[PDB]
Each structure stands twice: as C-alpha cells, then as structure tokens.
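Colleague: Quick one: this structure, given as structure tokens, is what I'll be asking you about.
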Amino acid sequence: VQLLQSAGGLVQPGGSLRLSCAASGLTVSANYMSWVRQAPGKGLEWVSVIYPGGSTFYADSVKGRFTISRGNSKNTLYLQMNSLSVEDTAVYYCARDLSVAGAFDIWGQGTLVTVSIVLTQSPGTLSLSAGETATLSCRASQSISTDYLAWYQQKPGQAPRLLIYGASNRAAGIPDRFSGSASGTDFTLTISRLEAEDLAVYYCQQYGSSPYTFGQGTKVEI
Amino acid sequence: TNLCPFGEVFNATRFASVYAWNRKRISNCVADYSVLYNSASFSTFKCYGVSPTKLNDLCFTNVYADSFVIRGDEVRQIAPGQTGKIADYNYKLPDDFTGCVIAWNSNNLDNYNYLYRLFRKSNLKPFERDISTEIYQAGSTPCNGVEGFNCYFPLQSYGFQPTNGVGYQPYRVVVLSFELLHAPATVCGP
Ligand SMILES: *[C@@H]1O[C@H](CO)[C@@H](O)[C@H](O)[C@H]1NC(C)=O
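From first to last, the protein sequence lines stand for chains A and B.
Residues in the first sequence are numbered consecutively from 1, following our numbering.
Residues in the second sequence are numbered consecutively from 223, following our numbering.
Structure (structure tokens):
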C-alpha cells in the first residue's frame, strides 16, 4: 500500500492553495485520515481529523483559515486553505490514523508550501559512539495511561514512521532492537546495538487524550 | 402510594458497557423527584427542555432510563448537538431531546470488562444500538474475518486503573428520556 501527494508552490500572504492526498490499496471513505504540519525546524503539529462517518475536527490554534474535505470519487483527501500568513509556512504530511491498533501506520511523501497536555524529552543530544546504548526519556505534564502514546523516528529528508506504538507494543517490520518501558508518568525508549544507519531524530507522541501534541525533538548522534 | 423505582437504577452493582446499553422503563406509579436535585453525588444533573426545578407538575406517559459507563472526559459529549468519537458511533441523542442527564464520579467503587465500539462506515440514527461484531474490511481487499492487516476488531477495551485520571476516572452516566402524551398518563408528581 502507498500514499502519494500532489500540491505545492509559492503563494503570497492571503492567497489560496489546496493539497491532494491520493491513496492506493486503501479505501479513504471508510478509514480515518489526518493532516499534520512540520514547521521548518520547530517539529510537528496536528491540523485536522476526518472521521469515516463525515464529522470533522480542527486544531484549536488555527481552524478558520483551513477547511478539510473528503472525496470518495477518487479515494483522495483534499485540504483547502482560506488564506496564508507568514507564520504558516511549513512542509505538510498526510497520514492514515488508527486509534489504538497502531497510531499512524502509513505516511505520505511530503509537499512544500511557502510564504512571500505537554511532553518533554530529557536527554537532549546524547552523542554516543557506535555500539553504545542510547536512552531517550519522554515525560508527560499530566498523568496519562500506560497506553495512548507512541514513538516516531524521522530519518533526514524522509517521511516520519513509527517504531513502538501503545507503550511497548511493537509494530510489524521493526527489528527487536527497540523495546520501551512504562513506569508512572515517565516513559523511556531504549536502542540496543547502535548502528550507523539509524542517525535520525526521535519524537514522542500521544493520542486520544486531547488535540494531539508532539515533543520538542531530540537527535541521536554517532 | 408506590414510589417509582429510582434507587436501584441509580444505585446497584452492575452497569453495562456503552456499546450495549440497557433501556429500563417505568409503567405505573408516582415519582417524587425530590431525591434527584437533593443529593450531592449527582455532579452534572443537567436538564433540557422542561424545567429542571419543577418536574413534578408534568404528567408524562413513559419515562425511559438507560445507563452507561464513560471515561469521564467524554461526559460533556453526551449532550445533544455534539460531535465526537462516542456520540457518533455509540449513542446519539435527538436534537429536541426532553429530559435530564446525570453524571457521577464513581472511581473508587469501580478493569477490563468495559469496552466500546470504534469502527463504523456510518453514523447512528437517534436512539439506536448495534450489537454487531464483524470486521469492517478497512482495506479494499476482501476480508475473510480473521484478524490481520486491514482487518480490525470493531470493539476495543478501556483500561481503568487508579491513577489521577481526572479526565480518565471511570464515570457512570444515566440520562432520563421523557416521552410525549400518547395514552392516559400514569406517572406524575404528587
Ligand atoms: C444508593 O443511592 C440512593 C440514591 O442515589 C441512596 O438513597 C441510597 O442510600 C444508596 N444506597 C443504597 C444501598 O441504595
């Protein structure tokens, strides 16, 4: 199964634009969809969710300037923008949403747009040599259940993917080198037998609690 | 002369899950609602349509009571004209709803038995329940009925543990639905 996108350009403030997330091998009319924004260096954010029934929600920060639509005649998901501001420039991703059985199983390819509860990740940089365990700890501002939290990795210049979903549950295709724990309000992720391939940035994400929030973001180093 | 049953429905040992909610009804008795607006356990006690303070004067024909178990965060979602995960796929009130809704804070008295429905291709008509377990075939490929990729179980279980859980404290809500005047009514105030 593959997700693909088709949009982009350069738009002055107040102008209009639209983005198309077309799918293959996965019906869009019966399955959750969501749009996320990646600011140029800040991190990640949540923008919208469309439930299969037809209902729609929006990010509390910005709702009037956007308007999400569902198209069942082309298995695609259009997102329409009323107007743009200088603060709104970022790269955009579309990804399928599963509530508990995984969080974001698949991700898009990424399109570019330009303009003319709290989580914290303790370790920070953690520059360590090859073959040495790297420990990352994400703490929640408020008490949270053992479930309802995931773990994402972003290879440089690549779409985000998930490694461990719902505390310690491991998704398909991930090697058994990753296994995170859950104790109280502190959550940790452990990487064993560090390899030079895994240079990336790792994020801790929560779902179901509220408008989704992402951590600041930490970069492992070789 | 015979107070209508309210004590056991608002206070017993077993409460069904949200996906399958019992619908108790009352046929013939007098129902003094004095205990309703008196006890402090009833946190919300929010009422629509008919006046909350003076429900004795009315002479409805059939009062229906149903009981849920909600995570507590979604209690505000029970009100009519609201949208979200549980008001769309589990229990929908009609826009012109008559009656009251009551929410508790019962975490100490009450796991893994509670479970709700998460997946459906359409919304529910007002006052409709669906005791159905069949994998909805997420992918375009035909789904045999065995758990696998693009085949997900329609029912998922809550996790209730004594954390702080201010939004996650397991709540029990009962909403009273009042019917119109079909036949000569048999329930009133005095
Ligand atoms: C249960 O609740 C009712 C009213 O909410 C109260 O009068 C009663 O004392 C409680 N306990 C029992 C055992 O009924």
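Even for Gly, the Cβ is constructed at its ideal location relative to N, Cα and C.
On the criterion of 16 or more Cβ atoms from any shown chain inside 10 Å, does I308 (chain B) qualify as buried, or is it exposed?
Modeller: Counting Cβ neighbours within 10 Å, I308 (chain B) comes out buried, since at least 16 surround it.
Colleague: Quick check: is the beta carbon of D310 (chain B) nearer than 9 Å to any beta carbon in chain A?
Modeller: yes
Colleague: Is it true that the CB of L280 (chain B) sits closer than 9 Å to the CB of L258 (chain B)?
Modeller: no
Colleague: Name the residue from A:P160, A:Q153, A:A182 whose alpha carbon lies nearest to the alpha carbon of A167 (chain A).
Modeller: A:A182
Colleague: Apart from the five residues just before and just after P123 (chain A), which ones in its own chain have a Cβ nearer than 7 Å to its Cβ?
Modeller: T135, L136, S137, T218
Colleague: Inspect the beta-carbon positions of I106 (chain A) and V1 (chain A) and report whether they are closer than 9 Å.
Modeller: yes
Colleague: Using the Cα positions of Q378 (chain B) and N329 (chain B), report the straight-line distance between them to the nearest angstrom.
Modeller: Taking the straight line joining both Cα atoms gives about 20 Å.
Colleague: With a threshold of 8 Å on Cβ separation, who are the neighbours of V28 (chain A) within its own chain once the five nearest residues in sequence on each side are excluded?
Modeller: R70, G71, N72, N75, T76, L77
Colleague: Would the C-beta of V257 (chain B) count as close to ligand 2, meaning under 8 Å from any of its heavy atoms?
Modeller: Among the ligands modelled here, namely ligand 1, ligand 2 does not occur.
Colleague: Let me make sure I understand the geometry here. Which of A:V201, A:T56, A:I68, A:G180 has the alpha-carbon closest to that of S192 (chain A)?
Modeller: A:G180
Colleague: What are the uninterrupted segments assigned as beta strand (DSSP E) that are 3 or more residues long and contained completely in the region 57-120 of chain A, given in chain order?
Modeller: 66-68, 76-81, 90-96, 111-115
Colleague: Is the Cβ-Cβ distance between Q154 (chain A) and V220 (chain A) less than 9 Å?
Modeller: Judged by their CB atoms, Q154 (chain A) and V220 (chain A) are not nearer to each other than the 9 Å cut-off.
Colleague: Leaving aside the five residues before and after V86 (chain A) along the sequence, list all residues of the same chain whose C-beta is less than 7 Å from its C-beta, in chain order.
Modeller: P13, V115
Colleague: Round the Cβ separation of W326 (chain B) and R394 (chain B) to the nearest angstrom and send it over; I've been treating them as touching at under 8 Å.
Modeller: 5 Å
Colleague: Classify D97 (chain A) as buried or exposed, calling it buried when 16 or more other Cβ atoms lie within 10 Å of its own Cβ.
Modeller: buried
Colleague: If I measure Cβ to Cβ from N312 (chain B) and keep anything under 8 Å in the same chain, skipping five residues before and after, which residues do I get?
Modeller: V240, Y241, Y338, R339, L346
Colleague: Give a yes or no on whether the minimum CB-CB distance between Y212 (chain A) and chain B is below 9 Å.
Modeller: no
Colleague: Is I300 (chain B) closer than 9 Å to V409 (chain B) when the C-beta atoms are compared?
Modeller: no
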